[PDB]
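Undergrad:
2 protein chains.
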Amino acid sequence: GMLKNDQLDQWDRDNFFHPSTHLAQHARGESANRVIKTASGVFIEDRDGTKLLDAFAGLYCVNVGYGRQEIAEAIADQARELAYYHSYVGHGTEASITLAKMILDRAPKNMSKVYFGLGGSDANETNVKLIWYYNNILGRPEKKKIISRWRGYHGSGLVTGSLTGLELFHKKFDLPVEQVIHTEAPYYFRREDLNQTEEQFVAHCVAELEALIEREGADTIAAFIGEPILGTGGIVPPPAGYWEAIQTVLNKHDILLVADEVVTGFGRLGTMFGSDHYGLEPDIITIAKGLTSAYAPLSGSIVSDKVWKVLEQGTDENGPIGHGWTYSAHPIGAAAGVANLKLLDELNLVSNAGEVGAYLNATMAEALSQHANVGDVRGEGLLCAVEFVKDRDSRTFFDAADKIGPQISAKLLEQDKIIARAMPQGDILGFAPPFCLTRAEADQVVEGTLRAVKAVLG
Amino acid sequence: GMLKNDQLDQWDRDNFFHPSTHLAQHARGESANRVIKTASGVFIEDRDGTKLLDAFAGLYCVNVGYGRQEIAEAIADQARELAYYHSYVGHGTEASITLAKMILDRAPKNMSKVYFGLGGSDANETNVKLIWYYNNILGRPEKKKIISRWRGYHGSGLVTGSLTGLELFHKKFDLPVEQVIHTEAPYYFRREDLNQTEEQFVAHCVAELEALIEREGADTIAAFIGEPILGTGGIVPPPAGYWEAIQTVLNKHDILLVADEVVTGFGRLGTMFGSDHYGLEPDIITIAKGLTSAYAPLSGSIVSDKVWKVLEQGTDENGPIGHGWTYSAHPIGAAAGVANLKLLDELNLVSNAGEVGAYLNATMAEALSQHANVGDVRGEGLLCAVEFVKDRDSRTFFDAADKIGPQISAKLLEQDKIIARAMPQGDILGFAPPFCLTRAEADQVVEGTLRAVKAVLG
Numbered sequence: 000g001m002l003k004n005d006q007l008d009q010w011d012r013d014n015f016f017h018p019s020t021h022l023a024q025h026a027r028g029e030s031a032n033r034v035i036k037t038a039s040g041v042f043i044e045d046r047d048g049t050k051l052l053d054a055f056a057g058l059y060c061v062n063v064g065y066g067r068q069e070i071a072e073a074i075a076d077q078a079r080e081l082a083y084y085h086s087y088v089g090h091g092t093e094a095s096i097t098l099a100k101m102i103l104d105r106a107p108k109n110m111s112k113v114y115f116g117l118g119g120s121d122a123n124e125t126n127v128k129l130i131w132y133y134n135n136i137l138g139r140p141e142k143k144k145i146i147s148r149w150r151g152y153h154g155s156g157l158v159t160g161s162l163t164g165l166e167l168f169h170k171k172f173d174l175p176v177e178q179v180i181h182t183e184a185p186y187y188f189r190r191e192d193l194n195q196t197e198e199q200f201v202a203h204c205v206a207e208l209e210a211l212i213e214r215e216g217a218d219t220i221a222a223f224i225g226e227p228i229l230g231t232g233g234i235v236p237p238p239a240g241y242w243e244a245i246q247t248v249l250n251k252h253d254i255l256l257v258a259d260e261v262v263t264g265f266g267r268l269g270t271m272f273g274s275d276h277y278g279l280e281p282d283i284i285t286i287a288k289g290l291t292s293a294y295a296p297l298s299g300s301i302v303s304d305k306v307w308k309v310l311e312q313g314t315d316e317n318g319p320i321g322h323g324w325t326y327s328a329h330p331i332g333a334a335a336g337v338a339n340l341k342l343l344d345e346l347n348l349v350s351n352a353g354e355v356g357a358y359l360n361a362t363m364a365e366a367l368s369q370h371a372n373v374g375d376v377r378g379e380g381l382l383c384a385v386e387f388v389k390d391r392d393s394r395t396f397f398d399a400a401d402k403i404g405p406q407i408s409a410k411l412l413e414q415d416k417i418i419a420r421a422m423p424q425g426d427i428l429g430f431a432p433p434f435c436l437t438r439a440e441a442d443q444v445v446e447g448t449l450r451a452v453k454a455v456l457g
Numbered sequence: 000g001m002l003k004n005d006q007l008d009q010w011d012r013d014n015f016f017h018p019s020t021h022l023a024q025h026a027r028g029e030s031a032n033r034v035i036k037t038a039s040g041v042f043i044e045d046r047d048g049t050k051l052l053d054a055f056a057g058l059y060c061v062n063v064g065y066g067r068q069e070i071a072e073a074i075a076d077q078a079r080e081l082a083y084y085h086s087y088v089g090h091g092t093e094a095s096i097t098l099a100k101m102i103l104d105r106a107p108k109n110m111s112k113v114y115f116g117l118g119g120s121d122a123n124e125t126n127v128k129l130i131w132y133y134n135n136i137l138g139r140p141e142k143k144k145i146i147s148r149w150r151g152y153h154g155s156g157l158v159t160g161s162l163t164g165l166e167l168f169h170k171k172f173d174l175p176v177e178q179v180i181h182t183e184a185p186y187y188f189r190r191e192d193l194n195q196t197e198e199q200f201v202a203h204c205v206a207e208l209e210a211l212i213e214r215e216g217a218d219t220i221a222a223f224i225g226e227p228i229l230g231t232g233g234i235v236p237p238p239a240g241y242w243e244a245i246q247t248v249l250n251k252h253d254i255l256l257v258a259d260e261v262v263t264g265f266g267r268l269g270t271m272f273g274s275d276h277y278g279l280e281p282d283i284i285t286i287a288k289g290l291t292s293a294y295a296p297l298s299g300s301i302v303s304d305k306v307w308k309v310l311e312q313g314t315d316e317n318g319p320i321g322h323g324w325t326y327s328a329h330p331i332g333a334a335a336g337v338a339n340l341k342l343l344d345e346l347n348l349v350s351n352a353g354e355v356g357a358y359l360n361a362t363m364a365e366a367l368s369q370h371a372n373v374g375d376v377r378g379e380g381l382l383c384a385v386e387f388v389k390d391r392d393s394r395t396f397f398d399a400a401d402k403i404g405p406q407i408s409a410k411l412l413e414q415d416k417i418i419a420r421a422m423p424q425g426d427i428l429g430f431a432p433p434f435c436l437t438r439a440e441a442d443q444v445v446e447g448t449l450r451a452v453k454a455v456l457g
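Protein chains in written order, with the entry's author numbering: chain A, 0 to 457; chain A', 0 to 457. A prime marks a further copy of an entry chain.
Below, the structure is given as structure tokens:
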């Protein structure tokens, strides 16, 4: 009852260090906490019984939807039979072996093997470690730098937070580390020179990349990491012709491409892989989130035949790979993943992401694009964002201190019980809903946002 | 049947990149793979039905034992109700809140809050990031170096693998990074000067630490990371008076102590925390493995009141902490953890770890210590190791290329179906059995090892 609910809140404030939280305010009871109880479809429900339409799918991850007992039961069955054994020295479970095979059946054809982690950050950590091993095995001790992009999101660790190009993950943490260098954000709407057509901006990004390579020396650069479409950096589709232009430079200079598909992996764009959707030829692919639809933690580093051949050479020369996580290939994550991928196909949800996603984008644009303070409405599949500007013709942004994005998001939740995220480093309202979203539910997200935008900005 | 079993093996070799494995041999079918099906008590069982006594508890982690349906069912209940919601911006579940409170009730009294990760490596990654933030908030941009020890094990990532002091995690990976410096392995049996008493070796370790601090400059050193008892580096209890002597130096120079309790956390020594057992006053504690008994992935970074006060100041000054993992506080890991800690108390297993552990150590010493080729038999609680030497009086080690440890371990498994691990960088047979081990089962481990040692070395 009330007394247990108040005790939980107190235990929470007194003992629980939450991610991405104002720690002093939470511990002091100045900021609100919230306890989620259950969920179903595109809705979550707190312990007081309040039902919220989650247009963010947790954190771009509850892709099949909430309350899928097919997955809950797949987890229960594994938990009963064998919750855990390690996967060191060729050990495995039927679940992990089966999941490995299913990932590679769905991954781009140049892919060879998948190594299992627990989250997207550790998968990118693994990716860099393997890139350094790779260059070492090939006799290129100098070819180690990693090129990332401003506004990229690749994790929250020390090396992975350096790959990330958002100051929230850098300031006060001494990042980025020296081995990571950043190039231009693939964000046409924020381009320095407003006179550039989209093709001119792509040309500019090419020149910026060439200038960085020229300065650092190509023989010192191992890899380029990019999300096919930016997620946390603002739900930003890449410009037309961008990925073709960028890969031409990477090939010329013998720089590996890492496609960070943590958000786009397993259907969000309406195509199983964003690499395939946007036309990337990666040598390494990062996966997590939509692998298990967050039902159980699990990640992946998919490696191409090219990389795998060198890894085989390295192990022939040096013995067993010196890399392992205790919980690599954890049977519950694998069981969750096998159930999730089957459900994704069974419920035809990739197709739904593309259709209702095209519909959410079209109707959101039509209802908001002509607002005086809406600079842009953009997206692809079930990814959509609305960016706010103080003046459109000049592209004057509100002052950051005015918290326009955070206010609009808070208004959408308080007025309409819809969860949409105020993205960092801008006034951007983002949407990443479960793939089971219906047009009726999309209509409600659009109508609620328009009301939240009018309530804050008129 | 046979055809499905052969297909799984093929899928395994063709698609699954295992941790800690000879990758080329596994992919080529030259090394054996193995599929675990089920498990119960201290035994695991492969798909062919072969039953193995696991004297390593997975990887020092299946502490309550295998087949505990109390935990499997706790996971099933959470999976059904709410498998996942994020814990960002003060969000939580009853499971995570409850687990946070239970951890702090059991942790040393100077502890304030716990932040949840997925594994031990990401927890140590979090620890370093927080140490850098801490120093930054205090106005000490230079106080950032981390002192680790040779033979320490702190993870398999880039920064965490640098903290680690075992060459397997360094060679071909360009580690350790420059921010990590290593001091003396707290390993009396391998001391350079055989004439040193245990007290003299502790004095030597003190002098070595002072020499490193003097060279680097104390104002540049933030923290010292140590396992209370070495695990992967050889199951090495610390010398008598070591932790008292070391902390005197750390206090004098204002260097934080991080107790890496990933193996020792939650009872393995027969005391809930190894910090308490060995008398450490840490400011940060790392936990994983025995938190959930590996039933579900989860880790923790426990922070003291001292660190927490500065973190509260930092958030007051800079806003929400720029650190988060999607799967931080994952409800299934939390549910697994709550069930696990209750079962640990209910079945009186911490007490059993200390008793049957004292018995395993005593009887292993008595049965092997007088063998010509046994340099040492050591341990504490349910941790035990036997170290092999070509000549005892001189302490001549076999040549590494002779693989004495790996052969003995392989013999123990092939003759007696008992799993014991050949530790890296030495000829050391290690034991870390589930806390439910009986004296009868310990007798079988001792008797099987003696037979494996006689079969290889006479």
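Virtual Cβ for every residue (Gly too), placed ideally from N, Cα, C.
1. Does the Cβ-Cβ distance between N14(A) and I102(A') come in under 9 angstroms?
2. Would you verify that the beta carbon of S274(A) is, or is not, closer than 9 angstroms to some beta carbon of chain A'?
3. With a cut-off of 8 angstroms, do at least 3 Cβ pairs link the segment 109 to 120 of chain A to the segment 296 to 314 of chain A?
4. Which residues, taken in chain order from the segment 78 to 90 of chain A', show a beta carbon closer than 9 angstroms to some beta carbon of chain A?
5. Going straight from the alpha carbon of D47(A) to that of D8(A), what length do you get?
6. Determine the closest residue to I74(A) out of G429(A), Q414(A) and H329(A), with distance taken between C-alpha atoms.
7. Assign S350(A') to one of three DSSP states: helix, strand, or coil.
8. Using only the alpha-carbon positions, how far apart do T395(A) and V388(A) sit?
9. Any beta carbon of chain A' sitting closer than 9 angstroms to that of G48(A)?
10. Mind checking if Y326(A) is an interface residue toward chain B, Cβ cutoff 9 angstroms exclusive?
11. Measure the alpha-carbon distance for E243(A) versus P236(A) and round it to whole angstroms.
12. Since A106(A') and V337(A') should fall inside the 8 angstroms C-beta cutoff, what is the C-beta to C-beta distance between them, to a whole number of angstroms?
13. Determine the chain A' residues that contact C60(A) at a beta-carbon separation under 7 angstroms, and present them in chain order.
14. When you compare only the Cα positions, how much space is there between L382(A') and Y84(A')?
15. How is the beta strand (DSSP E) around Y277(A) delimited, first residue to last?
16. From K128(A'), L167(A'), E191(A') and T97(A'), pick the residue whose C-alpha is nearest to that of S393(A'); which is it?
17. Answer yes or no: does any C-beta atom of chain A' fall closer than 9 angstroms to that of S303(A)?
18. Can you check which of these residues, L162(A'), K142(A'), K308(A') and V373(A'), is closest to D390(A') by C-alpha distance?
19. Please decide whether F172(A') counts as near chain A, where near means a Cβ-Cβ distance under 9 angstroms.
20. Under 7 angstroms Cβ to Cβ from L428(A), same chain only, skipping five residues before and after it: list those, please.
21. Between the segment 6 to 18 of chain A' and chain A, which residues of the former have CB atoms less than 7 angstroms from a CB of the latter, in chain order?
22. Pick helix, strand or coil for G380(A), following the three-state DSSP scheme.
23. Please state whether DSSP places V179(A) in a helix, a strand or coil.
24. Counting only beta-carbon separations shorter than 9 angstroms, does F430(A') have a partner in chain A?
25. With 16 other CB atoms within 10 Å as the buried threshold, where does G318(A) fall?
26. Is the beta carbon of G321(A') within less than 8 angstroms of some heavy atom of the ligand GTP?
27. For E413(A), count neighbouring C-beta atoms within 10 Å of its own C-beta (all shown protein chains included) and say buried if the count is 16 or more, exposed if not.
28. Looking only at C-alpha atoms, which of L342(A), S274(A) and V355(A) sits nearest to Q68(A)?
29. Would you check if the distance between the CB atom of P18(A') and the CB atom of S155(A') is smaller than 9 angstroms?
30. If you compare alpha carbons, which of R27(A'), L456(A') and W131(A') is closest to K144(A')?
31. Report the three-state DSSP secondary structure of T395(A') (helix, strand or coil).
32. Under 9 angstroms, CB to CB, which of the residues in the segment 362 to 374 of chain A have a partner in chain A'?
33. Need the endpoints of the alpha helix (DSSP H) that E446(A) sits in, please.
34. In chain order, what are the residue ranges of uninterrupted beta strand (DSSP E) at least 3 long that sit wholly in the segment 117 to 205 of chain A?
35. Quick one: is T196(A) buried, meaning 16 or more other Cβ sit within 10 Å of its Cβ, or exposed?
36. If you reduce the DSSP assignment to three classes, tell me which class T219(A) lands in.
TA: The structure says:
1. Between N14(A) and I102(A'), the CB-CB gap stays under 9 angstroms.
2. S274(A) does not count as touching chain A'.
3. yes
4. Flagged, chain order: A78, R79, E80, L81, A82, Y83, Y84, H85, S86, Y87, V88, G89 and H90.
5. 13 angstroms
6. Nearest C-alpha to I74(A): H329(A).
7. In the three-state reduction of the DSSP assignment, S350(A') falls in the helix class, which pools H, G and I.
8. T395(A) and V388(A): Cα-Cα distance of roughly 6 angstroms.
9. no
10. Among the protein chains in the structure shown, which are A and A', there is no chain B.
11. 14 angstroms
12. Not a contact, Cβ separation roughly 15 angstroms.
13. Residues of chain A' passing the Cβ test: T325.
14. 37 angstroms
15. Premise fails: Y277(A) lies in the alpha helix (DSSP H), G273 to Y277, not in any beta strand (DSSP E).
16. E191(A')
17. Chain A', which has no Cβ nearer than 9 angstroms to the Cβ of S303(A), makes this no.
18. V373(A')
19. Closer than 9 angstroms to some Cβ of chain A, the Cβ of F172(A') qualifies, so yes.
20. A384, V385, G404, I407, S408, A419, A421 and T448
21. Of all residues in the segment 6 to 18 of chain A', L7, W10, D11, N14, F15, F16, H17 and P18 have a Cβ within less than 7 angstroms of some Cβ in chain A.
22. coil
23. strand
24. no
25. exposed
26. In the structure shown, the ligand GTP is absent, as is every other ligand, since no ligand is present at all.
27. exposed
28. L342(A)
29. yes
30. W131(A')
31. strand
32. none
33. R438 to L456
34. 144 to 148 and 179 to 182
35. exposed
36. helix
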